[PDB]
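These notes concern the structure reproduced below.
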Amino acid sequence: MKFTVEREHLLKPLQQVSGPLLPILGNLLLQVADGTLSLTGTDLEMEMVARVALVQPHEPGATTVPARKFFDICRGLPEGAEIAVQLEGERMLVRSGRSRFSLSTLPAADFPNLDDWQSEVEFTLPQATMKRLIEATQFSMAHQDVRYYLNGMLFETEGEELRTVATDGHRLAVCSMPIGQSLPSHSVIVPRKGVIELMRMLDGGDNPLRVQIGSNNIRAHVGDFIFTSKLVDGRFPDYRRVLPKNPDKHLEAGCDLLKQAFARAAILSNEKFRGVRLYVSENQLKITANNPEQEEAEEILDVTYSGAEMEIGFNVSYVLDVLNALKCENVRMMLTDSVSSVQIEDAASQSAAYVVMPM
Amino acid sequence: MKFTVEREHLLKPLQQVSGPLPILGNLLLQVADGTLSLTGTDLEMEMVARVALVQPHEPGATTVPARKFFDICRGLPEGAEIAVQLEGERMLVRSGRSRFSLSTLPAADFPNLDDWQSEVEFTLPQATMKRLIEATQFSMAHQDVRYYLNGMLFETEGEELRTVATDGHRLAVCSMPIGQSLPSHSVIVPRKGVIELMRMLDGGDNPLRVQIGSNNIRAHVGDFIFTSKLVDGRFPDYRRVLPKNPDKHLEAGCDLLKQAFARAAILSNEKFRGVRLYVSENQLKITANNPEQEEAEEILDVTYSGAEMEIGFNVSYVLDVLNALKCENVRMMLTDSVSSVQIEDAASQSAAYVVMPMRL
Ligand SMILES: O=C(Cn1c2c(c3cc(Br)ccc31)CC[C@@H](C(=O)O)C2)N[C@H](Cc1ccccc1)C(=O)O
Ligand SMILES: O=C(Cn1c2c(c3cc(Br)ccc31)CC[C@@H](C(=O)O)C2)N[C@H](Cc1ccccc1)C(=O)O
Ligand SMILES: [Ca+2]
Ligand SMILES: [Ca+2]
Ligand SMILES: [Cl-]
Ligand SMILES: [Cl-]
């Protein structure tokens, strides 16, 4: 196995396949075949593969090398460096300028593969749309809940919409985006680590994303990268049951102003329970907080509200999470009563919605 | 006690006094003779910041939680007016339609440092003190049992001020002339105190006044006064570890040398970090290997005319020096494989670094 490639063509591929990395799981599989260098990283649950065209002379073969060390070596070389690689006995030699390195290898035959599987559902969409869908909801996934199905994100196809749902039992985020293709009605759960990796592969360019879903796997092709993950078992909740049936009390306020006020009130909220109370009245919102030391905060804001007066408590962190996710001018809070969830949205888009349980 | 002040006139003061019993998590606030004073302490050191009060005020003193008070003021909007008044056991804070009631502890209970007399004094520019500390800070020990190493030596001699730091393995020294006749004296400043001193300096046009006592040090700059205890101990003599008449001077661009060392370091022993240098006519070869028998080699052009030699060093210590230097070219002053190396900015002898030889 031999290849010579410019540093600039290896960096991002190495970054992508090595980021999240059986000592052999700490290695990258390298394969030179048919004028292509393939780089693969896996943790047995998911896999990233990068392809890199080889325009200079090369020789076929495969090996595995320590991912972090190989990446750090390549990153450490100067801009414009050309990196010559060749296998020599048990070691992989890496040469650039008068910098030389000899890395240990493990046999390519030992590198684990995911099970083969069939694609049942496919569609393509812009990168910017997948980014939007993931960023809108990702913060609301559970982290290590014993309900394993919540440690991850729902990807649902319906009509021509792709929808993501994330919830941890206390708060929920949902976002739907049209993708201009007839889709079957289908849902899968992607594990939270796979969601993060998928997000990280979205470079910001105009390369479209191709998605393939099987019964136990999801795959995403973007540019010269292929990401594959297993799915999570279990019955995900139905976001329509979490959305308030009829939250017909509508409050509108500046996002930044609202966030600032909550963030200040939070300072004097209970350090564990983070409770704040909201008093809504005609064109006015009052937020209060207090803690076991009897310290107290009060914020009063102008808002647009024409409904009945009411009072409700929330965990302020959950609300701040939403407002930070929104990135918009004005927010709409949609209320039911003092003992029911609240729905929050961008006042100028219903494309994402957030639900927070009351305290 | 009452005052009203612009948010932006409190932020810097609040940053500075938060730097140093639960009253130690409070700040002492005092309104007197046109001035708000804020004090934070950890009983070892203390910072006092003064804010001029141009709006109506009323005298008095209290203490409030530092983190919460600082967070409220920082969270308030740009340009906000902050009105504070003491209401019984609470301190009330208001600005626009935001109101806060904070718990207080009596000012009477706020601890003072022991009184002391100044014995050595001098004034220098902030940039000079900043250079002195930054040049050497990284070589101070952290929680070493030799408590006298967990800090920095400040030494006055003639018209110069010198700092020394060492952890028992490597050493940094920096000396700057400060244009005033000083007694020959030295003290050890605790590492936490060094960091706080460093951070009180903005590099601006206010002169820094330093006062040293038997057991304390104080630094006054503009509206801020820092006071710390000294470390009551004996510091090692830096002159003892400086190599005698090193006659083999290697010179190279700092960044090229640094990047070579950083790449080589990847395949060095994770715990002991040894790398080898082979010096020859205008050439440096650096090698590294690890227990798994992986190997790195770097060859660079340098300026070097001395006898050929080999020497090993801890690459983390060498990289620490190169990162602190932030200069164009470096000088490595070599002697032989069993002697230390002295490293300097090629264009300046004001800072010097000593690293020990490793056998491999
Ligand atoms: O009992 C539930 C019901 N539930 C649930 C979810 C959810 C989402 C929102 Br925004 C509000 C309530 C939700 C989503 C996850 C559902 C599940 O267990 O599969 C249960 N959640 C509690 C928290 C809770 C307790 C009492 C009242 C409301 C919420 C929990 O997950 O620990
Ligand atoms: O004193 C020491 C250990 N030591 C010590 C210090 C020191 C600083 C540097 Br840059 C390098 C070595 C240091 C400073 C702290 C000394 C102490 O224990 O108080 C020990 N070693 C000498 C050997 C030696 C001689 C000359 C120069 C360096 C080291 C010995 O054990 O006799
Ligand atoms: Ca705006
Ligand atoms: Ca929606
Ligand atoms: Cl270099
Ligand atoms: Cl070596």
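Chain letters run A, B, ... following the sequence lines, proteins first and then strands; every chain starts at 1. Just so it is clear, the values below take in all heavy atoms, side chains as well, and ignore hydrogens, waters and symmetry mates.
A:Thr167 is not listed as a side-chain neighbour of A:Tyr239, based on a closest heavy-atom distance of 4.5 Å or more. The side-chain heavy atoms of A:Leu285 and A:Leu278, taken from C-beta on, include a pair separated by under 4.5 Å. B:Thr128 places none of its side-chain heavy atoms less than 4.5 Å from the side chain of B:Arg131. Under the 4.5 Å side-chain criterion, counting only non-hydrogen atoms from C-beta, B:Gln16 is not in contact with B:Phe226. With a 4.5 Å cut-off on side-chain heavy atoms, A:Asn324 and A:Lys259 count as touching. You'll find the side chain of B:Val120 stays beyond 4.5 Å of the side chain of B:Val187, heavy atoms only. Here the side chains of B:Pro65 and B:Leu105 are not in contact, with every heavy-atom distance at 4.5 Å or above. Taking 4.5 Å as the limit, every side-chain heavy atom of B:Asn150 sits out of range of all side-chain heavy atoms of B:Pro190.
Of the residues listed (B:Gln30, B:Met91, B:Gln85, B:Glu58), the one engaging B:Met1 in a side-chain contact (heavy atoms from CB on, under 4.5 Å) is B:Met91, and it is the only one. When B:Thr63, B:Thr62, B:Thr39 are each tested for a side-chain hydrogen bond (donor to acceptor under 3.5 Å, both in side chains) with B:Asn26, only one passes: B:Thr63.
Here the side chain of A:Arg274 pairs no donor or acceptor atom with the backbone of A:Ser317 at under 3.5 angstrom. At distances below 3.5 Å, not a single donor-acceptor pair connects side-chain atoms of A:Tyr149 with backbone N or O atoms of A:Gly152. Checking side-chain atoms of B:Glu134 against main-chain N and O of B:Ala324 turns up no donor-acceptor pair under 3.5 Å.
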Can you list the steps and then say if B:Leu197 with B:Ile133 is a side chain to side chain contact (heavy atoms under 4.5 Å, CB included)?
-> CA-CA 9 Å; B:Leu197 206 208; B:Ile133 297 170; 3.7 Å; yes
Tell me, with the steps shown, if A:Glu295 and B:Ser103 meet side chain to side chain donor-acceptor pair (under 3.5 Å).
-> CA-CA 6 Å; A:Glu295 304 183 311; B:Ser103 61; 2.7 Å; yes
Hey, mind stepping through B:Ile72 and B:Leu102 against side chain to side chain contact (heavy atoms under 4.5 Å, CB included) and telling me if it holds?
-> CA-CA 10 Å; B:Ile72 290 161; B:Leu102 295 170; 3.8 Å; yes
Using the ring pair (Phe, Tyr, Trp, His ring centres under 6.0 Å) rule, take B:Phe235 and B:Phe154 through it: C-alpha gap first, then chi angles, then the decisive distance, then the call.
-> CA-CA 10 Å; B:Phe235 201 82; B:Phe154 285 71; over 10 Å; no
After noting the C-alpha distance and the side-chain angles of B:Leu10 and B:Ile82, does the key distance pass the side chain to side chain contact (heavy atoms under 4.5 Å, CB included) rule?
-> CA-CA 9 Å; B:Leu10 284 178; B:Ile82 308 183; 4.2 Å; yes
So A:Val165 and A:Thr137, side chain to side chain contact (heavy atoms under 4.5 Å, CB included) or not? Walk me through it.
-> CA-CA 6 Å; A:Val165 189; A:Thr137 62; over 6 Å; no
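Residues that satisfy the side chain to side chain donor-acceptor pair (under 3.5 Å) test with A:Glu252, not counting sequence neighbours, are A:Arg332. Remark: B:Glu121 engages B:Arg209 in a salt bridge (charged side-chain N to carboxylate O under 4.0 Å, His left out) (not counting sequence neighbours). Residues satisfying the side chain to side chain contact (heavy atoms under 4.5 Å, CB included) criterion with B:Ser139, sequence neighbours excluded, are B:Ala165, B:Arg170, B:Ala172. Scored by the side chain to side chain donor-acceptor pair (under 3.5 Å) test, A:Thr304 finds no partners at all (sequence neighbours excluded). Considering only residues two or more places apart in sequence or on other chains, A:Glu293 meets the salt bridge (charged side-chain N to carboxylate O under 4.0 Å, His left out) condition with B:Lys68. Among residues two or more places apart in sequence or in another chain, the salt bridge (charged side-chain N to carboxylate O under 4.0 Å, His left out) test is passed with B:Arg74 by B:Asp71. Partners of B:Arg162 by salt bridge (charged side-chain N to carboxylate O under 4.0 Å, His left out), not counting sequence neighbours, listed by chain and number: B:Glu155, B:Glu157, B:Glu160. Not counting sequence neighbours, B:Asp109 has no partner by the side chain to side chain donor-acceptor pair (under 3.5 Å) test. With sequence neighbours excluded, the residues forming a side chain to side chain contact (heavy atoms under 4.5 Å, CB included) with B:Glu81 are B:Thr4, B:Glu6, B:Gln55, listed by chain and number. Shown here are the side chain to side chain donor-acceptor pair (under 3.5 Å) partners of B:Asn206, two or more places apart in sequence or in another chain: there are none. The side chain to side chain contact (heavy atoms under 4.5 Å, CB included) search around A:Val342 returns A:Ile312, A:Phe314, A:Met333, A:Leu335, A:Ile344, not counting sequence neighbours.
Taking the charged nitrogens against the carboxylate oxygens, A:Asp302 and B:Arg97 do have a contact shorter than 4.0 Å, which makes a salt bridge. A:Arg264 and A:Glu299 are joined by a salt bridge, as a carboxylate oxygen and a charged side-chain nitrogen come within less than 4.0 angstrom of each other.
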For residues 40-49 of chain B, which side-chain donor-acceptor pairs fall under 3.5 Å, sequence neighbours excluded?
| from | atom 1 | to | atom 2 | distance (Å) |
| --- | --- | --- | --- | --- |
| B:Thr41 | OG1 | B:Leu43 | N | 3.0 |
| B:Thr41 | OG1 | B:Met45 | O | 2.9 |
| B:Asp42 | OD1 | B:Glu44 | N | 2.7 |
| B:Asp42 | OD1 | B:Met45 | N | 2.9 |
| B:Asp42 | OD2 | B:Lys192 | NZ | 2.6 |

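Rounding to the nearest 0.5 angstrom, the gap separating the CG atom in A:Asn290 from the CD atom in A:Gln294 is 8.5 Å. From B:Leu21, atom CG reaches atom CZ of B:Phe110 across 11.0 Å, with rounding to the nearest 0.5 Å. Distance check: B:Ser214 OG to B:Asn216 CG gives 8.5 Å after rounding to the nearest 0.5 Å. Once rounded to the nearest 0.5 Å, the distance linking CZ of A:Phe262 with CD1 of A:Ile267 reads 14.0 Å. The OG atom of A:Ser338 sits 14.0 Å away from the CE atom of A:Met359 when rounded to the nearest 0.5 Å. With rounding to the nearest 0.5 angstrom, the CE atom of B:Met198 is 12.0 Å from the CE atom of B:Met129.
Residue A:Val339 comes nearest to A:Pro358 through the heavy atom pair C-CG, 3.6 Å, listed as atom of the first residue, atom of the second, then distance. Residues A:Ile287 and A:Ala265 come closest through the heavy atom pair CG2-CB, 3.8 Å. Shown here for A:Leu150 and A:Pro237, the closest heavy-atom pair between the two residues is CD2-CD, 3.9 Å. B:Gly233 approaches B:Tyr147 most closely through the heavy-atom pair CA-OH, 3.8 Å.
No side-chain donor from either of B:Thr35 and B:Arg50 sits under 3.5 Å from a side-chain acceptor of the other. Between the side chains of A:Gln343 and A:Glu345, at least one donor N or O lies within less than 3.5 Å of an accepting N or O. B:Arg218 and B:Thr227 are linked by a side-chain donor-acceptor pair at a separation below 3.5 angstrom, with hydrogens and angles left out of the test.
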